[PDB]
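Next comes my_file-v8.cif, with mmCIF, C-alpha atoms.
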data_structure
#
loop_
_atom_site.group_PDB
_atom_site.id
_atom_site.type_symbol
_atom_site.label_atom_id
_atom_site.label_comp_id
_atom_site.auth_asym_id
_atom_site.auth_seq_id
_atom_site.Cartn_x
_atom_site.Cartn_y
_atom_site.Cartn_z
ATOM 1 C CA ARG O 430 24.021 55.743 3.182
ATOM 2 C CA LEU O 431 26.803 53.205 3.498
ATOM 3 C CA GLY O 432 24.400 51.515 1.111
ATOM 4 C CA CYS O 433 22.346 49.275 3.471
ATOM 5 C CA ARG O 434 18.856 47.751 3.388
ATOM 6 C CA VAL O 435 17.350 48.900 6.737
ATOM 7 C CA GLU O 436 13.947 47.198 6.905
ATOM 8 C CA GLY O 437 12.804 47.806 10.459
ATOM 9 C CA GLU O 438 10.179 49.563 12.479
ATOM 10 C CA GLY O 439 12.390 49.858 15.529
ATOM 11 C CA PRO O 440 13.849 49.227 18.135
ATOM 12 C CA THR O 441 15.528 46.170 16.539
ATOM 13 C CA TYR O 442 15.959 46.977 12.842
ATOM 14 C CA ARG O 443 17.268 44.070 10.737
ATOM 15 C CA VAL O 444 19.812 45.378 8.212
ATOM 16 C CA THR O 445 21.033 43.730 4.983
ATOM 17 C CA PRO O 446 24.570 44.856 3.972
ATOM 18 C CA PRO O 447 25.525 45.598 0.387
ATOM 19 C CA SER O 448 27.090 42.629 -1.463
ATOM 20 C CA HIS O 449 30.612 43.999 -1.273
ATOM 21 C CA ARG O 450 30.789 44.198 2.461
ATOM 22 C CA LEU O 451 31.971 40.800 3.497
ATOM 23 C CA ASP O 452 33.407 42.266 6.695
ATOM 24 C CA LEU O 453 29.772 42.834 7.929
ATOM 25 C CA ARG O 454 28.475 39.584 9.543
ATOM 26 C CA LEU O 455 27.495 40.461 13.156
ATOM 27 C CA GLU O 456 25.547 43.351 14.704
ATOM 28 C CA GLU O 457 28.839 44.565 16.208
ATOM 29 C CA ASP O 458 30.384 44.956 12.725
ATOM 30 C CA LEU O 459 27.596 47.366 12.288
ATOM 31 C CA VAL O 460 28.408 49.333 15.462
ATOM 32 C CA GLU O 461 31.997 50.111 14.287
ATOM 33 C CA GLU O 462 30.319 51.331 11.132
ATOM 34 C CA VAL O 463 28.383 53.957 13.036
ATOM 35 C CA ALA O 464 31.383 54.766 15.156
ATOM 36 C CA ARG O 465 33.650 55.316 12.182
ATOM 37 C CA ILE O 466 31.596 57.621 10.018
ATOM 38 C CA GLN O 467 30.746 59.338 13.287
ATOM 39 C CA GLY O 468 34.338 59.211 14.286
ATOM 40 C CA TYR O 469 36.258 57.360 16.923
ATOM 41 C CA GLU O 470 36.768 60.916 18.018
ATOM 42 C CA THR O 471 33.257 61.254 19.280
ATOM 43 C CA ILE O 472 33.362 58.362 21.819
ATOM 44 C CA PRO O 473 33.851 60.239 25.166
ATOM 45 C CA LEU O 474 36.246 59.258 27.928
ATOM 46 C CA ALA O 475 34.805 57.467 30.906
ATOM 47 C CA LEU O 476 36.012 55.110 33.536
ATOM 48 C CA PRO O 477 34.358 52.074 35.090
ATOM 49 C CA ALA O 478 33.609 51.659 38.787
ATOM 50 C CA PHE O 479 32.917 48.070 40.083
ATOM 51 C CA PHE O 480 33.227 45.372 42.756
ATOM 52 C CA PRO O 481 35.315 42.580 41.197
ATOM 53 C CA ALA O 482 34.054 39.001 41.389
ATOM 54 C CA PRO O 483 35.320 37.154 44.511
ATOM 55 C CA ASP O 484 37.408 34.532 42.751
ATOM 56 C CA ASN O 485 39.420 37.093 40.745
ATOM 57 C CA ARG O 486 40.430 38.716 44.032
ATOM 58 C CA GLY O 487 44.118 37.927 44.724
ATOM 59 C CA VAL O 488 45.466 36.651 41.411
ATOM 60 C CA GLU O 489 48.308 39.201 41.574
ATOM 61 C CA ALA O 490 49.852 37.573 44.621
ATOM 62 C CA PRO O 491 51.833 34.834 42.874
ATOM 63 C CA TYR O 492 53.157 37.450 40.580
ATOM 64 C CA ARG O 493 54.242 40.099 43.099
ATOM 65 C CA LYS O 494 56.076 37.402 45.071
ATOM 66 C CA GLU O 495 58.182 36.762 41.919
ATOM 67 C CA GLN O 496 58.667 40.467 41.287
ATOM 68 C CA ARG O 497 59.576 40.988 44.882
ATOM 69 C CA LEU O 498 62.282 38.366 44.425
ATOM 70 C CA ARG O 499 64.024 40.243 41.590
ATOM 71 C CA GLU O 500 64.049 43.320 43.845
ATOM 72 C CA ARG U 430 8.827 61.866 65.244
ATOM 73 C CA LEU U 431 12.239 62.740 66.609
ATOM 74 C CA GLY U 432 10.109 65.647 67.766
ATOM 75 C CA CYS U 433 10.745 68.268 65.022
ATOM 76 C CA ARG U 434 8.817 71.246 63.635
ATOM 77 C CA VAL U 435 8.742 70.522 59.856
ATOM 78 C CA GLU U 436 7.082 73.583 58.314
ATOM 79 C CA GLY U 437 7.628 73.135 54.599
ATOM 80 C CA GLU U 438 5.804 72.572 51.371
ATOM 81 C CA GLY U 439 8.760 70.890 49.723
ATOM 82 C CA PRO U 440 11.377 70.427 48.224
ATOM 83 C CA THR U 441 13.306 72.516 50.798
ATOM 84 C CA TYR U 442 11.498 72.078 54.122
ATOM 85 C CA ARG U 443 12.839 74.274 56.945
ATOM 86 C CA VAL U 444 12.927 72.259 60.185
ATOM 87 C CA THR U 445 13.080 73.538 63.787
ATOM 88 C CA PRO U 446 14.711 71.025 66.200
ATOM 89 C CA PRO U 447 13.378 70.385 69.682
ATOM 90 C CA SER U 448 15.059 72.482 72.413
ATOM 91 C CA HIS U 449 17.134 69.610 73.741
ATOM 92 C CA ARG U 450 18.941 68.878 70.546
ATOM 93 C CA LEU U 451 21.906 71.163 70.635
ATOM 94 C CA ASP U 452 23.804 68.802 68.343
ATOM 95 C CA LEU U 453 21.412 69.852 65.472
ATOM 96 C CA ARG U 454 22.732 73.096 63.865
ATOM 97 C CA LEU U 455 23.302 72.329 60.141
ATOM 98 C CA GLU U 456 21.228 70.518 57.502
ATOM 99 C CA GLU U 457 23.827 67.723 57.596
ATOM 100 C CA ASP U 458 23.146 67.101 61.313
ATOM 101 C CA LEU U 459 19.731 66.356 60.067
ATOM 102 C CA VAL U 460 20.918 63.851 57.435
ATOM 103 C CA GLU U 461 22.672 61.639 60.060
ATOM 104 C CA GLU U 462 19.355 61.760 61.860
ATOM 105 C CA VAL U 463 17.583 60.130 58.950
ATOM 106 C CA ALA U 464 20.446 57.747 58.420
ATOM 107 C CA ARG U 465 20.469 56.583 62.016
ATOM 108 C CA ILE U 466 16.832 55.805 62.636
ATOM 109 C CA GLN U 467 16.943 54.286 59.167
ATOM 110 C CA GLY U 468 20.153 52.587 60.013
ATOM 111 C CA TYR U 469 23.701 52.970 58.860
ATOM 112 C CA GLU U 470 22.935 49.484 57.695
ATOM 113 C CA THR U 471 20.756 50.672 54.890
ATOM 114 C CA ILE U 472 23.392 52.829 53.094
ATOM 115 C CA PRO U 473 24.463 50.534 50.171
ATOM 116 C CA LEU U 474 28.017 49.918 49.023
ATOM 117 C CA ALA U 475 29.191 51.780 45.973
ATOM 118 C CA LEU U 476 32.442 52.940 44.552
ATOM 119 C CA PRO U 477 33.368 56.172 42.800
ATOM 120 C CA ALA U 478 34.755 56.415 39.277
ATOM 121 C CA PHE U 479 36.534 59.713 38.276
ATOM 122 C CA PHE U 480 39.296 61.586 36.437
ATOM 123 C CA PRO U 481 41.422 63.246 39.140
ATOM 124 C CA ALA U 482 42.250 66.942 38.830
ATOM 125 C CA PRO U 483 45.539 67.566 36.944
ATOM 126 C CA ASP U 484 47.491 69.104 39.800
ATOM 127 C CA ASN U 485 46.840 66.177 42.175
ATOM 128 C CA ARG U 486 48.390 63.867 39.582
ATOM 129 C CA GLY U 487 51.837 62.741 40.827
ATOM 130 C CA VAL U 488 51.871 63.647 44.515
ATOM 131 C CA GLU U 489 52.873 60.065 45.394
ATOM 132 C CA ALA U 490 56.231 60.377 43.678
ATOM 133 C CA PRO U 491 58.164 62.065 46.487
ATOM 134 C CA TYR U 492 56.838 59.450 48.781
ATOM 135 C CA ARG U 493 57.599 56.305 46.763
ATOM 136 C CA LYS U 494 61.165 57.552 46.256
ATOM 137 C CA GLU U 495 61.542 57.526 50.081
ATOM 138 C CA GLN U 496 59.868 54.141 50.391
ATOM 139 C CA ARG U 497 62.005 52.802 47.622
ATOM 140 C CA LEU U 498 65.034 53.884 49.636
ATOM 141 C CA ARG U 499 64.111 51.788 52.693
ATOM 142 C CA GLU U 500 63.756 48.799 50.349
#
Target encoding structure tokens, full file:
Amino acid sequence: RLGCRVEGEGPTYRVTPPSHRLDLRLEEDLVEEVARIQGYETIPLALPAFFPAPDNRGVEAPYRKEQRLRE
Amino acid sequence: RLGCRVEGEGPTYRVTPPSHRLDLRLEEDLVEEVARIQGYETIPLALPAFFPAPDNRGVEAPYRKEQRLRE
């Protein structure tokens, strides 16, 4: 009802956007379309929990040493 | 096979510990029994994700001000 051609059986649907929607290339362009009519005010708050990758662990060190110097 | 009387249909079972196990009062005493034979080395690592309760938010402030003073 945003005026799309939804020719799919499901789960993957294959949509063709109306001619005027240049902004709709990727599948993701499509997600903000659903979360806009729906409302960005219907995406709940949640936080991630996770074990960072090993190599990322410590990258703050050079920084803090510089911040500790200003102190 | 730790020598218990498990008289239950399930889900709640009702266990009677052998006479020598004084250390087994609560249901929880029972959980460390399962996680001991099984091995504390079979409890996986995981981290919690959560929105703290409002009133707990800020309790660090008095502290940091004192730590900032030593600095």
Item to check | Counting all atoms listed in the file, chain O residues within 8 Å of chain U, as a list in words | outcome: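 So the residues of chain O near chain U are residues 475, 476, 477, 478, 479 and 480 of chain O.
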So, with all atoms listed in the file as the atoms that count, which of U:481, U:439, U:446, U:491 lies closest to residue 462 in chain U?
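Using all atoms listed in the file, residue 462 in chain U sits closest to U:446.
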*If we count all atoms listed in the file, what is near residue 435 in chain O at a cut-off of 8 Å, once residues fewer than 2 positions away on the same chain are taken out, given as a PyMOL selection string?*
chain O and resi 433+437+442-445
Atoms to include: C-alpha atoms. Write the selected residues as a PDB file, in the coordinates of the input.
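Now in part-v5.pdb:
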ATOM      1  CA  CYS O 433      22.346  49.275   3.471  1.00  0.00           C
ATOM      2  CA  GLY O 437      12.804  47.806  10.459  1.00  0.00           C
ATOM      3  CA  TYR O 442      15.959  46.977  12.842  1.00  0.00           C
ATOM      4  CA  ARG O 443      17.268  44.070  10.737  1.00  0.00           C
ATOM      5  CA  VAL O 444      19.812  45.378   8.212  1.00  0.00           C
ATOM      6  CA  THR O 445      21.033  43.730   4.983  1.00  0.00           C
TER       7      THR O 445
END
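Closest to residue 448 in chain U among U:488, U:432, U:469, U:461 is U:432, based on all atoms listed in the file.
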Expressed in Å, the length from CA of residue 430 in chain U to CA of residue 466 in chain U is 10.4 Å
Worksheet item: Any idea what the distance is between CA of residue 472 in chain U and CA of residue 485 in chain U?
Response: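 So the two atoms, CA of residue 472 in chain U and CA of residue 485 in chain U, lie 29.1 Å apart.
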- Which distance in Å separates CA of residue 434 in chain U and CA of residue 450 in chain U, to one decimal?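 Calculated distance between CA of residue 434 in chain U and CA of residue 450 in chain U is 12.5 Å.
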